[PDB]
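Quick heads-up: it's one chain on its own, the form deposited in one PDB entry, in C-alpha coordinates.
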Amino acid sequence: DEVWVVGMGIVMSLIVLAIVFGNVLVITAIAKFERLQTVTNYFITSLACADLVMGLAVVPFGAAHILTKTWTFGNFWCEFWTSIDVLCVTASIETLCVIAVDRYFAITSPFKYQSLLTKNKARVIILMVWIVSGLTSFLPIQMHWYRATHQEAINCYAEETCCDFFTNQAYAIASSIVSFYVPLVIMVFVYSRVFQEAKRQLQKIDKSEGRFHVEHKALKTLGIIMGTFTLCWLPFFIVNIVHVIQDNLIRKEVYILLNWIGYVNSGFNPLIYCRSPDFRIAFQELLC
(Lines give C-alpha, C1' and ligand atoms only; values in the text may rest on other atoms or scores of the structure.)
Protein backbone atom coordinates (compact mmCIF):
# COMPACT_ATOMS: atom_id res chain seq x y z
CA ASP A 1 0.00 0.00 0.00
CA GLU A 2 0.86 3.71 0.14
CA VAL A 3 -0.55 4.66 3.53
CA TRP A 4 2.28 7.20 3.82
CA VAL A 5 1.05 9.06 0.73
CA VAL A 6 -2.58 9.41 1.84
CA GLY A 7 -2.21 9.04 5.60
CA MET A 8 -0.04 12.09 6.24
CA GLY A 9 -2.08 14.33 3.95
CA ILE A 10 -5.21 13.83 6.05
CA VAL A 11 -3.43 14.79 9.26
CA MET A 12 -1.80 17.83 7.65
CA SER A 13 -5.13 19.03 6.25
CA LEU A 14 -6.75 18.57 9.66
CA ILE A 15 -4.00 20.66 11.26
CA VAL A 16 -4.49 23.44 8.70
CA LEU A 17 -8.27 23.45 9.16
CA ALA A 18 -8.05 23.51 12.96
CA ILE A 19 -5.57 26.40 13.00
CA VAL A 20 -7.49 28.49 10.46
CA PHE A 21 -10.92 27.95 12.02
CA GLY A 22 -9.85 28.63 15.61
CA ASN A 23 -7.87 31.77 14.86
CA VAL A 24 -10.47 33.21 12.48
CA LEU A 25 -13.22 32.65 15.05
CA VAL A 26 -11.21 34.38 17.79
CA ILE A 27 -10.36 37.37 15.58
CA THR A 28 -13.90 37.90 14.32
CA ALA A 29 -15.34 37.51 17.83
CA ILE A 30 -13.04 40.24 19.14
CA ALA A 31 -13.72 42.48 16.14
CA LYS A 32 -17.52 42.20 16.05
CA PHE A 33 -18.32 42.67 19.76
CA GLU A 34 -17.52 45.91 21.58
CA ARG A 35 -17.50 44.32 25.04
CA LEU A 36 -14.38 42.25 24.30
CA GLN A 37 -12.28 45.26 23.22
CA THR A 38 -9.84 45.54 26.13
CA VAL A 39 -6.17 46.39 26.58
CA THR A 40 -5.62 42.72 27.45
CA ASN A 41 -7.32 41.52 24.25
CA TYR A 42 -5.03 43.35 21.81
CA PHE A 43 -2.11 41.07 22.65
CA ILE A 44 -4.40 38.11 21.98
CA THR A 45 -5.29 39.76 18.67
CA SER A 46 -1.61 39.96 17.69
CA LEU A 47 -1.04 36.34 18.74
CA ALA A 48 -4.05 35.16 16.73
CA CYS A 49 -2.88 37.13 13.68
CA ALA A 50 0.54 35.46 13.84
CA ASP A 51 -1.06 32.02 14.22
CA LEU A 52 -3.41 32.63 11.28
CA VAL A 53 -0.54 33.76 9.04
CA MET A 54 1.49 30.69 9.98
CA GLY A 55 -1.46 28.36 9.37
CA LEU A 56 -2.21 29.85 5.95
CA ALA A 57 1.37 30.12 4.66
CA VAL A 58 3.98 28.07 6.52
CA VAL A 59 2.11 24.77 6.93
CA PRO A 60 0.51 24.06 3.51
CA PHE A 61 3.69 24.63 1.50
CA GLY A 62 5.76 22.60 3.95
CA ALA A 63 3.23 19.78 3.64
CA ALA A 64 3.40 19.96 -0.16
CA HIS A 65 7.21 19.90 -0.01
CA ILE A 66 7.17 16.87 2.30
CA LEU A 67 4.66 14.88 0.25
CA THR A 68 6.02 15.69 -3.21
CA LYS A 69 9.69 15.43 -2.04
CA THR A 70 10.65 18.29 -4.40
CA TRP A 71 10.34 22.09 -4.31
CA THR A 72 8.54 22.75 -7.59
CA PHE A 73 8.31 26.52 -7.01
CA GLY A 74 11.10 29.01 -7.63
CA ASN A 75 14.37 29.58 -5.82
CA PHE A 76 13.18 32.99 -4.56
CA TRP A 77 10.09 31.51 -2.90
CA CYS A 78 12.23 29.14 -0.81
CA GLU A 79 13.89 32.05 0.98
CA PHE A 80 10.58 33.93 1.16
CA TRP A 81 8.97 30.91 2.85
CA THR A 82 11.86 30.49 5.30
CA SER A 83 11.66 34.17 6.24
CA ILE A 84 7.91 34.00 6.84
CA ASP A 85 8.38 30.88 8.99
CA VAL A 86 10.97 32.51 11.25
CA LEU A 87 8.98 35.75 11.45
CA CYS A 88 5.77 34.05 12.57
CA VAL A 89 7.45 31.78 15.13
CA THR A 90 9.40 34.52 16.88
CA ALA A 91 6.46 36.95 16.83
CA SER A 92 4.20 34.36 18.47
CA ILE A 93 6.66 33.50 21.24
CA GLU A 94 7.38 37.14 22.08
CA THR A 95 3.64 37.88 22.17
CA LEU A 96 3.25 35.09 24.74
CA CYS A 97 6.01 36.72 26.80
CA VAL A 98 4.24 40.09 26.55
CA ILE A 99 0.99 38.57 27.84
CA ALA A 100 2.84 37.02 30.78
CA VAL A 101 4.42 40.38 31.69
CA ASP A 102 0.99 42.02 31.46
CA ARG A 103 -0.43 39.56 33.98
CA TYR A 104 2.57 40.08 36.27
CA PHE A 105 1.97 43.83 36.31
CA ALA A 106 -1.78 43.34 36.80
CA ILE A 107 -1.55 41.19 39.94
CA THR A 108 1.67 42.57 41.45
CA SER A 109 0.74 46.29 41.33
CA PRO A 110 -3.05 46.69 41.61
CA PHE A 111 -3.19 50.44 42.21
CA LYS A 112 -0.76 51.52 39.48
CA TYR A 113 -1.90 49.06 36.80
CA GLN A 114 -4.28 51.56 35.20
CA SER A 115 -1.58 54.15 34.51
CA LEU A 116 1.08 51.83 33.08
CA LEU A 117 -1.17 50.18 30.48
CA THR A 118 -3.11 52.38 28.07
CA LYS A 119 -4.49 51.88 24.57
CA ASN A 120 -1.73 54.21 23.35
CA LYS A 121 1.05 52.16 24.97
CA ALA A 122 -0.50 48.81 24.04
CA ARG A 123 0.13 49.62 20.36
CA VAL A 124 3.75 50.79 20.63
CA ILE A 125 4.64 47.53 22.40
CA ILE A 126 3.02 45.40 19.69
CA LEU A 127 4.68 47.39 16.90
CA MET A 128 8.06 47.00 18.63
CA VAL A 129 7.52 43.24 18.98
CA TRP A 130 6.68 42.88 15.29
CA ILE A 131 9.61 45.08 14.23
CA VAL A 132 12.05 43.05 16.35
CA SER A 133 10.54 39.91 14.83
CA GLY A 134 11.12 41.33 11.34
CA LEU A 135 14.72 42.41 11.96
CA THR A 136 15.78 38.82 12.69
CA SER A 137 13.87 36.92 9.96
CA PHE A 138 13.95 39.00 6.76
CA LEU A 139 17.13 41.06 7.12
CA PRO A 140 19.67 38.25 7.78
CA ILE A 141 18.05 35.66 5.50
CA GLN A 142 17.52 37.92 2.48
CA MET A 143 21.02 39.42 2.75
CA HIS A 144 22.48 35.87 2.64
CA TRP A 145 24.21 36.24 6.00
CA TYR A 146 22.94 32.92 7.40
CA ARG A 147 24.24 30.77 4.54
CA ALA A 148 26.53 27.83 5.31
CA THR A 149 29.82 27.09 3.54
CA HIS A 150 30.29 23.39 2.81
CA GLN A 151 29.80 21.17 -0.21
CA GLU A 152 26.31 19.89 0.56
CA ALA A 153 25.11 23.40 1.45
CA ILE A 154 26.67 24.88 -1.70
CA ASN A 155 25.07 22.19 -3.87
CA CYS A 156 21.71 22.83 -2.20
CA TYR A 157 22.04 26.58 -2.80
CA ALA A 158 22.96 26.17 -6.48
CA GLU A 159 20.12 23.78 -7.37
CA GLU A 160 16.68 25.27 -8.02
CA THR A 161 14.63 22.21 -6.94
CA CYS A 162 16.01 21.84 -3.40
CA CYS A 163 14.81 23.87 -0.40
CA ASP A 164 16.56 22.72 2.78
CA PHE A 165 17.78 24.59 5.84
CA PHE A 166 21.54 24.97 6.21
CA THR A 167 22.78 27.63 8.60
CA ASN A 168 25.85 28.93 10.39
CA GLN A 169 26.77 28.51 14.03
CA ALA A 170 26.44 32.24 14.73
CA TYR A 171 23.00 32.69 13.17
CA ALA A 172 21.66 29.53 14.82
CA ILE A 173 22.83 30.59 18.28
CA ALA A 174 21.70 34.22 17.92
CA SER A 175 18.30 33.26 16.51
CA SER A 176 17.69 30.70 19.25
CA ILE A 177 18.65 33.18 21.97
CA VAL A 178 16.46 35.93 20.51
CA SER A 179 13.44 33.70 19.87
CA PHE A 180 13.29 31.28 22.81
CA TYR A 181 15.53 31.63 25.85
CA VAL A 182 14.98 35.24 26.96
CA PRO A 183 11.16 34.89 26.84
CA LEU A 184 11.50 31.59 28.71
CA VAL A 185 13.45 33.18 31.57
CA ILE A 186 11.07 36.14 31.74
CA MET A 187 8.02 33.86 31.88
CA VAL A 188 9.61 31.66 34.56
CA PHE A 189 10.33 34.62 36.84
CA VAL A 190 6.91 36.20 36.24
CA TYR A 191 4.90 33.07 36.93
CA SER A 192 6.93 32.15 40.01
CA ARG A 193 6.15 35.55 41.55
CA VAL A 194 2.46 35.30 40.60
CA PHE A 195 2.26 31.86 42.24
CA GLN A 196 3.82 33.29 45.41
CA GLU A 197 1.20 36.05 45.50
CA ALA A 198 -1.69 33.61 45.02
CA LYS A 199 -0.36 31.40 47.82
CA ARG A 200 -0.14 34.40 50.16
CA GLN A 201 -3.75 35.34 49.38
CA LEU A 202 -5.00 31.81 50.07
CA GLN A 203 -3.11 31.78 53.37
CA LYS A 204 -4.72 35.07 54.38
CA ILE A 205 -8.23 33.86 53.52
CA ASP A 206 -7.74 30.63 55.47
CA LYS A 207 -6.39 32.48 58.50
CA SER A 208 -9.31 34.94 58.46
CA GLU A 209 -12.37 32.75 57.78
CA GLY A 210 -10.98 29.39 58.84
CA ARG A 211 -13.64 28.38 61.36
CA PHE A 212 -16.28 28.33 58.61
CA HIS A 213 -16.29 26.01 55.62
CA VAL A 214 -16.31 28.94 53.12
CA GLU A 215 -3.57 25.55 45.60
CA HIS A 216 -5.22 23.17 43.14
CA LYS A 217 -6.55 25.92 40.87
CA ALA A 218 -3.32 27.91 40.62
CA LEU A 219 -1.28 24.75 40.03
CA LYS A 220 -3.67 23.53 37.32
CA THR A 221 -3.73 26.86 35.47
CA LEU A 222 0.03 27.44 35.64
CA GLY A 223 0.68 23.83 34.69
CA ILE A 224 -1.51 24.06 31.60
CA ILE A 225 0.01 27.39 30.53
CA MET A 226 3.65 26.38 31.06
CA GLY A 227 3.31 22.76 29.97
CA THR A 228 1.58 23.35 26.66
CA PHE A 229 4.47 25.65 25.66
CA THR A 230 7.69 24.17 27.05
CA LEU A 231 6.72 20.68 25.88
CA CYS A 232 5.83 22.00 22.43
CA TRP A 233 8.85 24.22 21.72
CA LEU A 234 11.72 23.25 24.06
CA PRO A 235 12.84 19.99 22.35
CA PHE A 236 13.35 21.75 19.01
CA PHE A 237 15.44 24.63 20.37
CA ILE A 238 17.94 22.18 21.88
CA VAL A 239 18.58 20.19 18.70
CA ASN A 240 18.80 23.54 16.90
CA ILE A 241 21.81 24.44 19.07
CA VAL A 242 23.27 20.92 18.98
CA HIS A 243 23.13 20.18 15.25
CA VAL A 244 25.72 22.86 14.42
CA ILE A 245 28.20 21.93 17.17
CA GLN A 246 28.21 18.20 16.37
CA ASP A 247 28.06 17.26 12.70
CA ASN A 248 26.41 13.82 12.79
CA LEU A 249 24.75 13.76 16.23
CA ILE A 250 21.27 14.76 15.01
CA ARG A 251 19.60 13.24 11.95
CA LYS A 252 17.74 15.30 9.36
CA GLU A 253 14.37 13.61 9.97
CA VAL A 254 14.30 14.27 13.72
CA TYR A 255 14.85 17.97 13.00
CA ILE A 256 11.77 18.15 10.76
CA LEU A 257 9.64 16.08 13.14
CA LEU A 258 10.45 18.29 16.13
CA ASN A 259 9.90 21.39 14.00
CA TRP A 260 6.44 20.16 12.99
CA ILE A 261 5.61 19.34 16.61
CA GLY A 262 6.51 22.95 17.35
CA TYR A 263 4.01 24.22 14.77
CA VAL A 264 1.08 22.48 16.51
CA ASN A 265 1.11 25.12 19.26
CA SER A 266 -0.73 27.52 16.92
CA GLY A 267 -3.96 25.52 17.06
CA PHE A 268 -3.93 25.29 20.86
CA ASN A 269 -3.70 28.98 21.81
CA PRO A 270 -7.46 29.75 21.51
CA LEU A 271 -8.14 26.89 23.92
CA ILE A 272 -5.56 28.07 26.46
CA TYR A 273 -6.30 31.80 26.42
CA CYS A 274 -9.86 32.32 25.11
CA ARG A 275 -11.71 30.54 27.91
CA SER A 276 -13.47 33.45 29.62
CA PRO A 277 -17.29 33.36 29.80
CA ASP A 278 -17.54 36.45 27.59
CA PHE A 279 -15.64 34.63 24.84
CA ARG A 280 -17.99 31.65 25.14
CA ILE A 281 -21.03 33.94 24.89
CA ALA A 282 -19.56 35.63 21.82
CA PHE A 283 -18.84 32.26 20.19
CA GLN A 284 -22.37 31.06 20.94
CA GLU A 285 -23.84 34.18 19.32
CA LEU A 286 -21.73 33.86 16.16
CA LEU A 287 -22.34 30.17 15.46
CA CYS A 288 -25.40 27.97 16.09
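Residue numbers run from 1 along the displayed sequence.
There is another form of this protein, the form solved in complex with a partner chain, and it is not shown here; the text below is about that form.
- Does each of 76, 83 and 186 have at least one heavy atom within 4.5 Å of its partner chain in the deposited complex? The answer is no: none of the three residues contacts the partner (heavy atom, 4.5 Å cut-off).
- Of 170, 143, 128, 205, which one comes within 4.5 Å of its partner chain in the deposited complex, counting heavy atoms only? When its partner chain is considered in the deposited complex, the option within 4.5 Å is 205.
- Since exactly one of 192, 149, 201, 72 fits, which has a heavy atom within 4.5 Å of its partner chain in the deposited complex? If I apply the 4.5 Å criterion carefully, the residue I get is 201.
- Query: Hey, of 85 to 93, 109 to 117, 128 to 136, 159 to 167, which bit sits against its partner chain in the deposited complex at 4.5 Å between non-hydrogen atoms?
  - Reply: Flagged stretch: 109 to 117.
- Although its partner chain is absent from this view, report whether residue 218 comes within 4.5 Å of it in the deposited complex, heavy atoms only. Residue-level check for residue 218: yes, a contact with its partner chain.
- Looking at the partner-bound form in the deposited complex, is residue 123 within 4.5 Å of its partner chain by any heavy atom? No, residue 123 stays farther than 4.5 Å from its partner chain in the deposited complex.
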